Structure formats: C-alpha cells, structure tokens
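[1] dropping in the first section of the assembly, placed as in the complex:
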Amino acid sequence: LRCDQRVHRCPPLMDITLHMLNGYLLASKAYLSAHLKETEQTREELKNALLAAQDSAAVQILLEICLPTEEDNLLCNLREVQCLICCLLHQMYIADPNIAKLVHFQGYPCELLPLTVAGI
C-alpha cells in the first residue's frame, strides 16, 4: 500500500495490488500463527489484537485511497478504483465480521459514508 502512488488512478493495477494485499494479509496471519508455535522454547490474545489492528489499518488505507484528490465523480478511474476497494472490503467483511465493527469504532471521514454504504 506504499507503492508509486500513481497506480491509485489505475483500475487494473489497483485490482492487482488489492489481490496481493489480501494474499499477503492471509500470509501474515499464517506466519504469525506459525511463529507463536515456534517460540518460548498470554501471546495468543496479543496476536489476535495485532491481526485485528493490521486489518483495520489496511481498511483505513483503502478507504483513504478512495479520496478524490488532494485539493464527474461517476465516469473516471476514481470510480472504478472505489468500486474495487468496496468489493475487497465486502469480501473482508464477509470473511471476518469483527474488522467492520473495529473500523466503525475507529471511524473514517464522512466523505466515504455514502460510498461504502451504497457500495458494500
């Protein structure tokens, strides 16, 4: 999510990066689950909190990417990128219903409220 920042206005590359993000999030979950077993030769709650915070940070970054500009709203690359991000967020919420609650407790700017509700 810290790439060249020019792919934000690029639907195909954005979808590729979203697929990679989901894959690497699952890989990080698996890596932590395997690392907590190869240690001490509680920690499970710490790992769960870390994974929840990481998913929440990823969701927040994906939401902040949906911002229009730095300063048509329907026919542009921004629309397709927002739709892809909403699709990934819907998949994440279907996978885990707790990250949605954690993100809503953390909050996000109101400019994304009519987009996530009507997109997810």
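    The structure has been received and is ready for your questions. Residues are numbered from 1 along each chain as shown, chains lettered A, B, ... in the order given.
[2] now do the contacts for residue A:109.
    Neighbouring residues of residue A:109 by C-beta atoms under 8 Å, 6 or more residues apart in numbering: residue A:67. Bear in mind the C-beta positions are built from the backbone N, C-alpha and C, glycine included.
[3] neighbours around residue A:100, how many?
    The burial count assigned to residue A:100 is 19, neighbours taken as other C-beta atoms under 10 Å.
[4] name the helices or strands packed onto the helix or strand hosting it?
    Assessed by DSSP states H and E, residue A:100 sits inside helix A:97-106. Other elements packing on helix A:97-106 under the criterion 3 or more C-beta pairs under 8 Å, 6 or more residues apart in numbering; DSSP states H and E are helix A:44-65, helix A:77-95.
[5] now find how far off-centre the first one is within its chain.
    Mean-position distance between helix A:44-65 and its chain equals 8 Å (C-alpha atoms, centre = their mean, to the nearest Å).
[6] what's near enough to touch the residue most central in space within chain A?
    Per C-alpha atoms, centre = their mean, the C-alpha nearest to the average position across chain A is that of residue A:59, at 3.0 Å. Residues near residue A:59 by C-beta under 8 Å, 6+ apart: A:89, A:92, A:99, A:103.
[7] from residue A:71, how far off is the second one?
    In this structure, residue A:92 and residue A:71 are 30 Å apart, going by C-beta to C-beta, to the nearest Å.
[8] repeat for residue A:84
    With the distance defined as C-beta to C-beta, residue A:84 ends up 23 Å from residue A:71.
[9] state which helix of chain A is the longest.
    Scanning chain A for the helix with the most residues, using DSSP state H, yields helix A:11-35.
[10] packing partners for that one?
    On a contact count with 3+ C-beta pairs under 8 Å, 6+ apart, helix A:11-35 meets helix A:44-65, helix A:77-95.
[11] what's the closest of the ones you listed to residue A:9?
    Among the helices and strands packed on helix A:11-35, the nearest to residue A:9 by C-beta to C-beta is helix A:77-95 (4.5 Å).
[12] in the closest one, which residues are buried?
    A:78, A:80-82, A:84-86, A:88-89, A:92-93 (16 or more other C-beta atoms under 10 Å).
[13] could you do stretch A:46-63 as well?
    Buried residues in stretch A:46-63 (16+ other C-beta under 10 Å): A:51-52, A:55-56, A:58-59, A:62-63.
[14] hmm, back to that, residue A:22 is nearest to which of the helices and strands packed on helix A:11-35?
    The closest of the helices and strands packed on helix A:11-35 to residue A:22 is helix A:77-95. By C-beta to C-beta, the value is 6.6 Å.
[15] the closest one versus helix A:44-65: what angle between them?
    If you take axes from the mean of the first three to the mean of the last three C-alpha atoms, to 10 degrees, helix A:77-95 sits at 160 degrees to helix A:44-65.
[16] mind giving me the packing neighbours of helix A:77-95?
    If contacts are counted by 3+ C-beta pairs under 8 Å, 6+ apart, helix A:77-95 sits against helix A:11-35, helix A:44-65, helix A:97-106, helix A:113-117.
[17] one more chain, chain B:
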Amino acid sequence: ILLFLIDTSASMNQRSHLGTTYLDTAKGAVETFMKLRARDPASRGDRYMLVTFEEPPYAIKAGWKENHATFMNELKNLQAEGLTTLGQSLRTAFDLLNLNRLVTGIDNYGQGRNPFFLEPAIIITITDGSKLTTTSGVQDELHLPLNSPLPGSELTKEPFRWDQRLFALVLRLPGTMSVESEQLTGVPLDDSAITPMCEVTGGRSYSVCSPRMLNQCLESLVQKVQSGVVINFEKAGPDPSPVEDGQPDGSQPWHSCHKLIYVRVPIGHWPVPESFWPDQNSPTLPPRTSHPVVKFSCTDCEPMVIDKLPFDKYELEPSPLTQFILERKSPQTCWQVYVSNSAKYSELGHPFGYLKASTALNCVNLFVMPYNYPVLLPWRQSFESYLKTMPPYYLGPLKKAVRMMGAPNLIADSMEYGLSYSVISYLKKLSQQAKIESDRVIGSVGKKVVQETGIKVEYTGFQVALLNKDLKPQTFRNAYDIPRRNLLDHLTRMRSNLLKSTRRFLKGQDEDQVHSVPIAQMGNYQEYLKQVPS
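    Time to bring in chain B:
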C-alpha cells in the same frame, strides 16, 4: 480518639483570598493540627477517623481497624460535591462512635455509671457558614433525624454520650483581603445553627476569619483534649447562699464543663449510680441522661473528711471558677453536692459528695464521696438498718472497699432486678453484629454508577456510558483502545513488541510509575554484595 468531620459539600468550592478553596484550607488546617498534636508526647494511642457528607454507605472514609496511612489517603482525595446534610452526618458519626460501647461494658445501665471507663472523642465538624439544604429547601433548625435507631439506644434518649465533645469551625474567610485584624487575642463565636448543638455537648464553636485566627484557634484547640468527664451543675436550691465574704447576686450556675480524670485505664471507685428509684421488678428501664443533673448546696457541714477511704483525684477543668474565687476559693471549707430526680425512694436529692478545693487553690479536686458518707463513717445492729437507704446495686462497688478490711456481706441480696438482666444479651449481640457490619463495609465503595439514562420523551433499557477516570486502556491487548491518529505507528510498535520475543512481556504501552516513588521500596528488591567494612 479523634473523628474529623469534613463536609466536602458543593458549597465548599468558593475560593478564599489566598487562592485556595475552603476544602483545601480545611485539609491544610487538619494537617497542621496533626503536626501540632504530634509535638505532645501523648499521640501514640489516639486513632483518627474521617466523616464526610455522603450516603450512609459512603459517609465513613476511615473508621475502626484503619491505620494512619489509609486515613491520610482518604483525606487527600476528598472531593467537595454534594449537599450540606449536617444532621445525618452527625448522626452517622455518633453511631460510629457508639459501636463498641455496648460490648466492652461502657454504660452498662445496670451497675451505676462508672466515670473511670472513658472513651474520649472530639468532633471538629468543619462545615461552611450557613444555608444548609436537605434536597427540598433551606432549613434553619438543625434537627437530627430519627429513622433507624440502633438496638439499645432508647436508654440514653440522646445521640451523644458521656464523653463526646463537639467543636466547630465555620471558616468564614473573606474573599478580597480578610483585613479584619483589630482584636489580636480574641476568638469570638460563630453564632450559627451548630452553636447550640456544640454548646449542649460541652465544646465551643470557633469562628475562623483570617489565617492568623485559624492558627490561633488550632493552637487553642490542642490544649482541650483530655479524659472526658462532663457533668452539669445547677444553682438550685440554695438561692446563692454564698454569704461568706461578700453578698451574692449570676451566670456561673449551669456549668457544663469537663473534668480531667487522669489515670495513675483510669482507677477509681464510688460512681454516680443513677437518677431514679430502681424497683425490684421493672421490665422497662428509664432512659439515662448523658449529662447528669447534679446540684450543689453551699453548706459547710464538716468539710474535714479523713479516713482510709480510697482516694480519687478527678481534676475539674476551670471554666466557672470565678464564683469560687470570689469567696477566696473557700479555704478549709467546702459545699455539698447531690444528684436530683429522685435519688432515693422518697426524697429530693441526697448529698453524696462535695467540691473542696486543694491547698494550692489552683482548681477544684471534685472529691467524690459514697452515696451517704456522714453516717457510715462515724455494730449494735446499725449497718443492717443503714444499708436500706442506699440503692441495691450500689452494694456492688462499696463491698470491694470492705474487702480491704473484711467480708461481712455476701451474694444473698446482690440482685438488681430480675427483668433488667433479661433482654440485655440479645441487645449486646445485635450491637456487636451491627458494629461488625459497619466495620466490614467501610472502605469498599463499589459505586459502579456510570450511565446517562437516555429518556424517550432496546427501548426503555438504553443508557449512554460516561467518561471513566481510571480506565487504564490496554493498547497492546485490546485493539479497540487504539485511536485512528496513532494507528500505523502503534501497529508497527505492537508488531515489533510481539516479534521481539523478550522476557517478561507486558500489554502496557508506557506505564512509567505511580504517584509515589519511594527509594527504600525500590532498593529493597535488589542485591548489593558490599558492607563497607572500612
């Protein structure tokens, strides 16, 4: 024993001319009173208690079985928020002071009234100026409520006890300059609703107006703590028969001062039995009085009383000694004293002592005599007929003195009343249970009250949460306690903390220390292989 009563009411939030509120000044005055009393080498047995203007479960902050540490900790965190419920607080304090009285034997109400069984207690009742409220309006009477009397309290009919003095501080500090400093050595009265309640017990009520006056009143209050023997005097009935060196004409009649019964527990005998005629069969006992209504008569009546009678030195505190000093302190002469309210079967008062002064003419010695001394002191079947004029139970203590010579009496007629013994152990057990229940839930507050009570104006059961002071959010353990601003940096911090695999991991981000950081406490948990032999 000293029970400080600090209201901590919402009216104690107004700022003085120095810059601190009245509550801060009261706490500072309490601390300086502590450091002043610590100068006298007698503060190794007293115990400090705290009473605030809160609910009965929350009014007491530190009571029995509480050391000085928790008392200072509770007085430190006092918050001034609430109404001025003076009557309920005074009642709670008096009930707290009378928890361990019906179990040890003090005020047994069946065997005289022993003055050598003392439990001193001084109340300060530091409150505001005036305008006390009771959640409905502003009262001007200060009547103590009577809603739930303690088991065994109907035998005194008064909340305070034999030795329970009540001093008061109003803290009437001006807000601009407090420039009233005309009278240097003068401490006037407050003239408020607490003044009669204080004067009834036997203690005055100071009127704090300046910090200098506060220091003066605190330095004058430390000299008014001793054994509590408070008895009331009356002029009746002699019409001021003090025709010894001048002519009488007075205010030194209703003297309700205290007496210093210094020990040599206190040692003494011959107590003031009671004020009524006790019958052999009496289911209900008449309620006693905290202050005995004893009256003196100005008669010489052979003041020379020399015998092997056990001696007593209950020193009387000089408060109304002007009437005695007007007659040259009555040299080599005394005046009898007698308790009223049917001291015998059929008579009005029986002389049982006198108030002879010492040779140094400093104070009154309060020579306490037997129930009827001028007859037994000067057997031809005389003592058997003489022992019928004295109360029955009164044969208890006097016989001990007869033990110094012999033992002619026995336990045949040593019976007060067949009905007085009954219904007494149950009352003592109930009082002990109440004292245990009060001392148990004394520091455990367990408020658990945080809600907004959302009204309609999930239904009828919702309540928004309130801001918790001592929340201690777990940033590493709980993910909900991480705000949005410092989320990525905190995420990396948690990641590095979990992937470090260090020793003795914790869930706190930055927990430096508590409010106190002692040097010896931290140095004790260490090892130093050194002794400095050189």
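[18] let's see the buried residues of stretch A:46-63 again after adding chain B.
    A:46-47, A:49-60, A:62-63 (16 or more other C-beta atoms under 10 Å in any protein chain shown).
[19] now the strands: where do they sit in chain B?
    For chain B, the strands defined by DSSP state E occupy B:2-5, B:48-51, B:60-62, B:122-123, B:165-166, B:168-169, B:205-206, B:229-230, B:258-260, B:294-297, B:315-316, B:336-339, B:350-354.
[20] what packs against the fifth one?
    When contacts are defined as 3 or more C-beta pairs under 8 Å, 6 or more residues apart in numbering or on different chains; DSSP states H and E, strand B:165-166 sits against strand B:122-123, helix B:194-201.
[21] go ahead and confirm residue B:111 touches residue B:416.
    Yes - assessed by C-beta atoms under 8 Å, residue B:111 is found in contact with residue B:416 at 7.4 Å.
[22] which of those two has more neighbours?
    Legend: neighbour count by other C-beta atoms under 10 Å in any protein chain shown for residue B:111 and residue B:416, higher for residue B:416 (18 against 15).
[23] can you tell me the closest non-neighbouring residue to that one?
    Spatial nearest neighbour of residue B:416, excluding adjacent residues (C-beta to C-beta, 6 or more residues apart in numbering or on different chains): residue B:393 at 4.3 Å.
[24] count of residues packed around that neighbour?
    18.
[25] quick check: phi and psi at it.
    Dihedral pair for residue B:393: phi -60, psi -20, per degrees, to the nearest 10.
[26] for residue B:44, see how far away it is.
    For residue B:393, the distance to residue B:44 - C-beta to C-beta - is 37 Å.
[27] what do you get for residue A:72?
    For residue A:72, the distance to residue B:44 - C-beta to C-beta - is 88 Å.
[28] residues contacting whichever residue of the stretch 351-500 of chain B sits closest to chain A?
    Closest contact between the stretch 351-500 of chain B and chain A, by C-beta to the nearest C-beta, is at residue B:479 (4.3 Å). Residues counted as contacts of residue B:479 (C-beta atoms under 8 Å, 6 or more residues apart in numbering or on different chains) are A:49, A:52-53, A:56, A:102.
[29] turn the strands of chain B into TSV, columns for mean neighbour count and distance to residue B:497.
    Putting the strands of chain B into TSV (neighbours: other C-beta atoms under 10 Å in any protein chain shown; distance: least, C-beta to C-beta, whole Å) gives the following:
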stretch	mean neighbour count	distance to residue B:497
strand B:2-5	22	48
strand B:48-51	22	43
strand B:60-62	25	41
strand B:122-123	22	55
strand B:165-166	22	59
strand B:168-169	24	54
strand B:205-206	22	60
strand B:229-230	22	67
strand B:258-260	19	67
strand B:294-297	19	78
strand B:315-316	20	72
strand B:336-339	20	80
strand B:350-354	21	82
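[30] mind putting those strands in TSV, distance to residue B:242 included?
    As requested, the strands of chain B are arranged in TSV below (distance: least, C-beta to C-beta, whole Å):
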stretch	distance to residue B:242
strand B:2-5	39
strand B:48-51	44
strand B:60-62	49
strand B:122-123	34
strand B:165-166	29
strand B:168-169	34
strand B:205-206	31
strand B:229-230	24
strand B:258-260	22
strand B:294-297	11
strand B:315-316	18
strand B:336-339	14
strand B:350-354	15
